[PDB]
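Residue numbers for the sequence shown follow the numbering used here, so the first one is 327 and each next one is one higher. Below you'll find the structure, written out as structure tokens, and then a few comments.
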Amino acid sequence: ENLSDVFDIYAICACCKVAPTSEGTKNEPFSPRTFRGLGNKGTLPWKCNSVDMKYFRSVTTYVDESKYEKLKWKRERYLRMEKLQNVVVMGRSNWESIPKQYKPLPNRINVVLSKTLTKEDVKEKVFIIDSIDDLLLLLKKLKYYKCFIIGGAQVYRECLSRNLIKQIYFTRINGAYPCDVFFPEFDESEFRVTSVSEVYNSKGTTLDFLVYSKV
Ligand SMILES: NC(=O)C1=CN([C@@H]2O[C@H](COP(=O)(O)OP(=O)(O)OC[C@H]3O[C@@H](n4cnc5c(N)ncnc54)[C@H](OP(=O)(O)O)[C@@H]3O)[C@@H](O)[C@H]2O)C=CC1
Ligand SMILES: CCc1nc(N)nc(N)c1-c1ccccc1
């Protein structure tokens, strides 16, 4: 069965256009994907975007007590054949990239993917897992609404490669910036755009919110 559907595994990210270079066999000035800029020097390519930060927080925070049961029954069902909050999953780099005055992300169950970190090290309240396999084990015995994959690059890749992504909330940052991290490529035929928001202006830079769903 589609584990992404059974455990509501979604992906949420923001990407901007990549700024050119001058020398490197990697500069993709004609990439078929205009918005693929994910990070730069362990940080977001652009500056604190309040409009997107608000969005990300509303989407990853929102829970609907009502619709839970139907989810609960779905999982209880799948399991035999073998406070409400969403889960947020992030790679170690992304986790370390987040300023302390934000970790752990509030109103959300925090999970970090790592092979090095340990409980003695990390003092914040977050589950540490060593593989997507262990992520499924955790989800299997955890009570949550939706599960959001929030980065970085390596975590997106693995999940899209295993077809563990049911939906992708993609913010398009209409601006070019230097980037050393890009959104991993995936077969776009298995998805279709289901939501295309109106345009927004954050201090002059525009941005929109697209939502893809698995076919
Ligand atoms: N624009 C956006 O929406 C987002 C941008 N970013 C940006 O992306 C960049 C970070 O991305 P990237 O460098 O790819 O890093 P990631 O955040 O994916 O973290 C990489 C690390 O996560 C761990 N990890 C990845 N896969 C697994 C796995 N299967 N099992 C266990 N651990 C795993 C490893 O930790 P370990 O080495 O300890 O084993 C690994 O080295 C930053 O610049 C950040 O700011 C991040 C999220 C979103
Ligand atoms: C607010 C920036 C942001 N916007 C969107 N649309 N998606 C994301 N995944 C993030 C993000 C990036 C790194 C760490 C935590 C969240």
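C-beta atoms are modelled at their ideal positions from N, C-alpha and C, and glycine is treated no differently.
Considering only the beta carbon of each residue, do residue i and residue j sit closer than 8 Å?
i, j, result
"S419", "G368", "yes"
"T497", "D334", "no"
"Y495", "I338", "yes"
"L462", "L329", "yes"
"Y404", "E327", "yes"
"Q411", "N375", "no"
If you follow the beta strand (DSSP E) that residue i is part of, which residue opens it and which one closes it?
i, result
"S528", "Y526 to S528"
"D506", "First-last for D506: undefined, no H or E at that position."
"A345", "Where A345 is concerned, there is no enclosing beta strand (DSSP E), given that its DSSP letter is neither H nor E."
"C485", "Careful: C485 lies outside any beta strand (DSSP E), inside the alpha helix (DSSP H) at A479 to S487."
Need the endpoints of the alpha helix (DSSP H) that residue i sits in, please.
i, result
"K400", "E391 to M407"
Suppose the cutoff is 8 Å on Cβ atoms and the five residues either side in sequence are ignored; what does the same chain contact list for residue i look like?
i, result
"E511", "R359"
"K451", "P430 and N436"
"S515", "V541"
"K492", "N328, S330, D331, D334, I335, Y336, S539 and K540"
"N366", "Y503, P504, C505, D506 and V507"
Spatial neighbours of residue i within its chain, please: C-beta separation below 7 Å, excluding the five flanking residues on both sides.
i, result
"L536", "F496, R498, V519, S521 and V522"
Q. If we count Cβ pairs, one from each stretch, closer than 8 Å, do we get three or more for the stretch 447 to 455 versus the stretch 345 to 357?
A. no
Q.
Using 8 Å as the cut-off, can you tell me whether the stretch 479 to 489 makes contact with the stretch 411 to 426, which would need three or more C-beta pairs spanning the two stretches below that distance?
A. yes
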